[PDB]
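The authors' numbering applies: residue 3 is where the sequence shown begins, and numbers increase by one.
We put the CB at the ideal spot given by N, CA and C, even for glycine.
These notes are about the structure you will find just below.
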Amino acid sequence: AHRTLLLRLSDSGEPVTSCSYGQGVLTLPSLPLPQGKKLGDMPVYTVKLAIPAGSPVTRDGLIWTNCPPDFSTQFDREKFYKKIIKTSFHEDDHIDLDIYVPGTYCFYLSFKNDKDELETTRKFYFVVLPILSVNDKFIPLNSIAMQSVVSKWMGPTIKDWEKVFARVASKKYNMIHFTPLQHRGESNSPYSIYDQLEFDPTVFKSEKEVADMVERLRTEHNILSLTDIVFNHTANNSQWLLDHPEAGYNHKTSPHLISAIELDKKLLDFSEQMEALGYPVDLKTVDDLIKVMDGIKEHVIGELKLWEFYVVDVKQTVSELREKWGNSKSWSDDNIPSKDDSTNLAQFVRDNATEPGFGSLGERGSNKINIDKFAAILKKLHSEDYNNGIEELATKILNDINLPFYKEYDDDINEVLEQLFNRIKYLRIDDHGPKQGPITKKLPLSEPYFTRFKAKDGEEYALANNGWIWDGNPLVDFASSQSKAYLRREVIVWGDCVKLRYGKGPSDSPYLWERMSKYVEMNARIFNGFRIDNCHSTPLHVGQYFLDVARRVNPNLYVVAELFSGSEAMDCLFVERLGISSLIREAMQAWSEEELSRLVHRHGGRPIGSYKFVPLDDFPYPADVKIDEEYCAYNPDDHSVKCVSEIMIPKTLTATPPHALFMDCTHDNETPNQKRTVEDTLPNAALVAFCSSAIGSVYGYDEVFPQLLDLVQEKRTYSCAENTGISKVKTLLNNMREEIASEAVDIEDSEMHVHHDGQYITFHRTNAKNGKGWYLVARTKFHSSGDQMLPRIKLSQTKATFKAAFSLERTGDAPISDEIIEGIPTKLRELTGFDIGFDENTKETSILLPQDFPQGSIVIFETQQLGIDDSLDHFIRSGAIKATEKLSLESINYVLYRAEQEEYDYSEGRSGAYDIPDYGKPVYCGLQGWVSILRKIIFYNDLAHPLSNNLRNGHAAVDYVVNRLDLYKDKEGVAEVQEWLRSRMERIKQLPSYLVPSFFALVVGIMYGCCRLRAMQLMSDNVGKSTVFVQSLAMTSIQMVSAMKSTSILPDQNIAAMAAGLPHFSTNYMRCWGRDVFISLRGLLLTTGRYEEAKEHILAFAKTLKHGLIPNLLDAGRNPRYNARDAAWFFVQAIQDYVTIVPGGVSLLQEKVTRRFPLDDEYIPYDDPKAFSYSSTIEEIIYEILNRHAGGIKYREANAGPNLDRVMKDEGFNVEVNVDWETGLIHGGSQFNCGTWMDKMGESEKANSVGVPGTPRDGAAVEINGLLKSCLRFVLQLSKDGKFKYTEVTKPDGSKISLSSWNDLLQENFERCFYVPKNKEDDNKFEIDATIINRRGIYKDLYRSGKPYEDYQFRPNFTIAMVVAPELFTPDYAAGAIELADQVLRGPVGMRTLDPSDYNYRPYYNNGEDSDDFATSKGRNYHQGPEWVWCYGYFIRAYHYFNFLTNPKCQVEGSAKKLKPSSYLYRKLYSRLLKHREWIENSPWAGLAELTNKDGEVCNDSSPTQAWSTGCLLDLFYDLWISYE
């Protein structure tokens, strides 16, 4: 009822890897269908594709897959089906792919280019494994035990075969591999097949005779059958080779082999005359080889016209020139080099005067010159008359042309002969290959490179037989035009079989493809799968088509291949596209004990105690996600694929390595008797059988046959001697794996530890769920290497039990028979003497071996780790959602974040962050600190990481997670979260030390996700249904909003207070800053939905109003600092944002606040009874800011002096602000002030800057007035609705002005005073002093300041006014101005705080520089150059608004004709937030920096997470959401 997996896609449509399991393939789990359900009843699996929101592929995006949309629909490799991608900028799209039948499926995406073209991603393949049942008992793919049997050695009758079936069925194999059961060819080798369409007539007559015999295996022995399938060749005597000779490579189809044919028939026709002269027809003298090679040199090499295939017949060309000379002539063109350049002129002719096919081999004289054009060239270069020197000249050209062909000739023939001698030596001299035997119908001087016959069409053909190059790429067809291997004699050939010529499709061999198809589908009706020999040498598209055909016959086809391509990636590519289910691996390939342990390590499993995958902070957590509230919705009869925990984020489809079928010995490798000893037959097979994969063996391996059987020659029959050699042991091993097969399913379920010590090899096999295990001690016998004693085996917190022990002993040599194959006599002695001590205290089992443990012996212990039970798994993954129930967006801060300085605040300095030895501390004390480290550790299984080491050596990090919550046990839901953590951590500590890291990370990850989910549920829809990036931004609102003990926002209470940033702006007076609070209030609080927290922050500053201004340094409402000309207008701005957004937000206006300061502007009286003296509603609070600003404000800051600013000069504490009513805007400050957000005060005594503000922004600041217009526009429409009673405003003299008059004042004068026209002509209208300018088409940063050139500086500050009061801007001017900021002020993450073309531009900030530089010392650069992130928010918000109003290409007729942005504009916005997503992804603090140096360089003094940095990107998303969604 739940069989879905999640295949996440990247922004380029590539599948995301959840773990690094190595080079692999997207294989879905091997599981049986649900109870009593057949193919078609329901989707076998559902692949849920996750597409990232607004990514380039979502633009006109389609998903294309060759997955048939229904079970009724058949599968076509090349027929693809459309799935439309639902575009959203906030929400990802999901597209299910229901799969009904196993096989190979793939998918790509199509999208609209950035050139508005059609682009296509890569095809990405994923495989659905077959479902192998034997009757009604499902067989897991890793429990397959395959016996390979060669047919011609099982006797001549079906009944004579069922004796072998019963023999292997006793050893408890569950699958039999059949060497080809087809009519065999001339040499009787099982792989050279006479006819693909009928079986061996010696045994079978019809398909039903074999299909019933194979079915008899299924019913009598519970055994499945698969057969070899040969694609690369057929036998050299098929009666259809006569009827269809084009199916191979002949002189007609593959002309390049003509030169190779006349060399092969020049050796069968030379061996027969070799006896005549200087024969040495066979002999072992190297010195005589030369006399046979010197006969080669002359009789075959010289008599054959080899060079003629490469060279151009010069004499034939010249006689064909004089004769033709009186014809087409005059190469009327100066494309001619002189006769001086005899190298370049030659090549020039080679290009222009050549018939098609030059340089390429073909017919005897296939390289010839176009004579009409070679003559014309000569005439122009030399003379029109032939006699005038042409003969010498023409021949000299062609000669120089042949020099590379002659060099190519010599190069080839040397390899031809040098290969013949080295081969014929081995082949005949018996140096290591016995067979001196000389000329015959067989044993000639050269093996037959071709198969000669007379075809039913009459003509004689010469097809080629295939083989293999020595170290050549098996993907390169050496029988195709692109190879010279048949000519160069570089082919090791099989005269048994003849290479088949598949083309680019059936169009190139319509009989061969049609025949092989019926060949394949025939055996697919019978068997359960195929075994594909030399699958790497079979071409891809060939194997792809036929396996698709077989799968159409038998949808549960089990494909096996001994696949050895050039690499693992290529192996995976073949497995991907062909649908191979298992790769074959051989254990006999090992050269030494160490080599074997490595082989066994590869296919053994995962390491013990390995990390497990959980969704962490890289996933979206939709509030509307389904959940197993107690991990209890999986019925074992549903055979569902479980989610990791209670949050139902489906199982992730990740590349895992292709499954392996480990053979302890195949039918082509040498017997243990030959390569090692017969004693090794026991340990070898036991080690292999312990691997986490399917196993196999050739018949005779267990029966210990003495030597590998010759597939060609031998005719002897398998002995009927039952229960020989290993037979009793394979019965035990396979029976053991039949029981294990039931529970272990996925790659993380089966763990391992293999140890190599001399001739001993240790294998511990472990299920990671129940803790069941097997321990194998195997003493191998590669050689008789003396007595070696194994050290005491110790297993921590594990209990062991003796299962069985055996020794294999040779009892004399093997019998010599002529009619039957009998093995070597063996004694299978049962062993004893093993001591299993168990310390009831340390719970350490010790295992000692007895000295009677000879080489070739094994012992097996059944083991059990202590503390692990089948219920532990369900215990750790349950109860986490119920624990987070009573949490709050405030309390989640204490569980996930808390900088160490924020932690000290609650711990009186006692606690803090956990110091990880050889590493350091996590940046948060909460779970995020662990997750930021664990994510990369789980991905790479970094069991060697310092944190991994520390988690093994002690339970301190285990206890730290739980204990620290004592600091916050009283906050909402923390006590319940703490108990869940406590209850699980205690149960973890009762496990072996090596298992603690994985369960620690698993438990932390689970509780992290549930807390992250709870956050998304408590926040508003726009956040709860969005991408990871939006949610990661929103989590900063929890980082910043918490209650503290040293500070707060209210003087009488300690409540939740938004920090400016972590870690340095979090404690005491350093936490709350009015400018940072309200710039961030919209993003962190309103976009997320924390309205009740936005109100409390507004009211808390309402109490601190004085001078008609809002303080920046909020000292918890207890002596704040009032040098902030900016905060009061961001404060009233947020009030409008609050009222606009909060449902019923108008209620804020009548909220009454205790005004803990006097209505004038006296002095700090925090204890005076006049603190709580009077009340002010937000109504009058807003008006008081507006009114007193007009009426004028004059005051020196209260308590001025060093005790406030130890560097600010005496005149800087005097702050004055008034309105120039000729314009209506607001001026203030001085050259000794820092009233704006750019408030860096210099302090370098060495550089002489003590008291000098780095960026005093005096006079009319753009934002301050833009924010004022916004406020005016706000209160005007507000009074219209009867919610604001004020209209008058008193001037310093005594005049009154209506708010609408002040409003229309700014509307008329703002753009005049601030714009800088692009045309010199217009300067006379905008109060411009062209002497102090830098760039036209700009809005001034300031109006009539102190330094007038600071008026005309390109700074991002104007974007704030564009956002808050766009009515002041004419669209074209704003649009063109912000396009320059896009090209000038826009960095990758930060907004450059100053035009890089200015002289004051210094974009590197060191608050520690001591040198004499007036600009940079003590960090005055803060606001001139450095790239700030929160300004990027106001920028792109306006970049959005005005590119939507101006450029028509950024508009599209949204539904119901309302204006909505186009994908061209979305794509532009998307490209400017990538560098921010990258930042918050790869940041130890899960946030955005406050500052960046030039061009994205990390500023080591920048706060790593700041409020306005993230809150202003959230601002953008809310814009797009609240307007278009």
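In the three-state reduction of the DSSP assignment, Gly1076 falls in the helix class. In the same chain as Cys1236, and ignoring 5 residues on each side of it, the C-beta atoms closer than 6 Å to its own belong to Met1243, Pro1255, in chain order.
When C-alpha distances from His1191 are compared across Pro1053, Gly1226, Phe1159, the shortest belongs to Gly1226.
Among the bridge pairs identified by DSSP, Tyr1317 is matched with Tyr1341. Per DSSP, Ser1465 is not a residue of any beta strand (DSSP E); the alpha helix (DSSP H) it occupies stretches across 1465 to 1473. In the structure shown, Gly297 adopts helical secondary structure according to DSSP, grouped into three states. Shortest Cα-Cα distance from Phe808 to any of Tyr196, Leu684, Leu542, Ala743 involves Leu684. For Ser1178, the enclosing beta strand (DSSP E) stretches over residues 1176 to 1179. By the Cβ criterion, the region 605 to 612 is not in contact with the region 52 to 71, since fewer than three pairs of Cβ atoms, one from each stretch, lie closer than 8 Å. Comparing C-alpha distances from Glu217 to each of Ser1251, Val152, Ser135 shows the shortest one belongs to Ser135. Within the same chain, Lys973, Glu974, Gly975, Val976 come within 6 Å of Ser893 by CB-CB distance, once the 5 residues on both sides are set aside. Around the C-beta of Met754, 16 or more other C-beta atoms lie within 10 Å, and the residue is accordingly described as buried. When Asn686, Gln790, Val979 are compared, the shortest CA-CA separation from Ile883 is found for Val979.
When only Cα atoms are considered, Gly568 and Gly474 end up about 9 Å apart.
Sequence-distant partners of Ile87 (beyond 5 residues in either direction) whose C-beta falls short of 6 Å from its own C-beta, in its chain, are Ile53, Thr60, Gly63, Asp95.
Note: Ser848 is bridge-paired with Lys796, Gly839 in the DSSP secondary-structure output. DSSP places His179 in no alpha helix (DSSP H) but in the uninterrupted beta strand (DSSP E) bounded by 177 to 180. A straight line joining the alpha-carbon of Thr75 with that of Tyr110 spans about 20 Å.
Here the alpha carbons of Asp353 and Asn372 stand approximately 10 Å from one another.
The Cβ atoms of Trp1131 and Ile1266 lie closer than 8 Å to each other.
Note on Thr345: under 16 other CB atoms within 10 angstroms of its CB, so exposed under the neighbour-count rule.
Separation of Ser1399 and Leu1382 (C-alpha to C-alpha, rounded to the nearest whole angstrom) is 13 Å.
Three or more beta-carbon pairs separated by less than 8 Å link the region 815 to 831 to the region 706 to 716, which places the two stretches in contact. For the 8 Å CB-CB criterion, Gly1339 and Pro1258 do not form a contact. The region 324 to 338 makes no contact with the region 465 to 484, as fewer than three CB pairs between them are under 8 Å. In this structure the region 392 to 411 does not lie against the region 520 to 530, because fewer than three pairs of beta carbons, one per stretch, are closer than 8 Å. Residue environment for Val1318: buried (at least 16 other C-beta atoms within 10 angstroms of its C-beta).
Membership of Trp776 in the beta strand (DSSP E) is indicated by the continuous run 774 to 781. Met1009: member of the alpha helix (DSSP H) spanning 998 to 1020, first to last residue. Taken through DSSP and simplified to helix, strand or coil, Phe109 comes out as strand. One Cα belongs to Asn1423, the other to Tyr1407, and the distance between them is close to 6 Å. Annotation: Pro508 to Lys774 spans about 53 Å, alpha carbon to alpha carbon.
The alpha-carbon of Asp1306 is positioned some 14 Å away from that of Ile1228. A contact between stretches requires three or more CB pairs, one per stretch, nearer than 8 Å, and the region 299 to 318 meets this requirement with the region 353 to 367.
Of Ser599, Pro1450, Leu1387, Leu1274, the smallest CA-CA separation from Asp1374 is found for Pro1450. Classified as exposed, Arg912 has fewer than 16 neighbouring CB atoms from the shown chains inside 10 Å of its CB.
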